[PDB]
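Here you get one chain, nothing else, as structure tokens; it is the form deposited in one PDB entry.
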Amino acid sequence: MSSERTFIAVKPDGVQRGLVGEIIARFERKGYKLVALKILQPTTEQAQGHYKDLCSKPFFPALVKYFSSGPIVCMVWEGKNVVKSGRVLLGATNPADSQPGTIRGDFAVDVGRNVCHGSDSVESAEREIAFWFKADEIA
């Protein structure tokens, strides 16, 4: 379906390093349609809710602290097969596994600093979109 949607975020390292435009540009070049957009610094509560499945893991406090350390950019992209293509564009979540040509492949080294997040599935996309955006924020 052409109306498939995904959630993409530029993380605080990606924003600090001036990678917002580059990421957005790669999605535009790919041919996908931006339908929602905002910049904000996550609260602790937001960072914890985002990483809620991993809340029992020992590296969780560092993830939450880092994620809430500065502004992120939230996006929603629309188009056919946009979820899978989004993940492919960002590259393997561990930059050590990422291919050049991808966002993480080109720009990231450390997994706790992997620049940007993309939904891993349609269910996850729906959850993340609903988490970060009210329905009325989506154009």
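Each residue number is its position in the shown sequence, starting from 1. What we label the rigid core is the largest C-alpha set whose atoms superpose within 1.5 Å from one form to the other.
- Higher mean CA temperature factor, per the PDB entry, when comparing 116 to 124 with 21 to 29: 116 to 124.
- Between the stretches 42 to 50 and 97 to 105, it is 42 to 50 that shows the larger average CA temperature factor.
- The entry lists a Cα temperature factor for residue 55 that places it in the highest third of the chain's modelled residues.
- In the PDB entry, residue 36 places in the middle third of its chain by CA B-factor.
- Per-chain ranking of the deposited C-alpha B factor places residue 90 in the lowest third.
- In the PDB entry, residue 73 places in the lowest third of its chain by CA B-factor.
- Remark: residue 63 belongs to the highest third of its chain, ranked by C-alpha B-factor as recorded.
Not pictured, yet referred to below: the form solved in complex with a small molecule.
- Across the options 27 to 35, 71 to 79, 41 to 49, 110 to 118, residues that bring heavy atoms within 4.5 Å of the small molecule in the deposited complex belong to 110 to 118.
- Taking the partner from elsewhere, residue 63 is found to have a heavy atom lying within 4.5 Å of the small molecule in the deposited complex.
- The small molecule in the deposited complex is not approached by residue 88, whose heavy atoms all lie more than 4.5 angstroms from it.
- The small molecule is not shown here, but in the deposited complex it comes within 4.5 Å of a heavy atom of residue 54.
- With a 4.5 Å cutoff on heavy atoms, residue 99 does not count as touching the small molecule in the deposited complex; it lies far away.
- With the core held fixed by superposition, the comparison between this form and the one not shown singles out 57 as the only member of 84, 57, 80, 30 whose CA moves by at least 2 angstroms.
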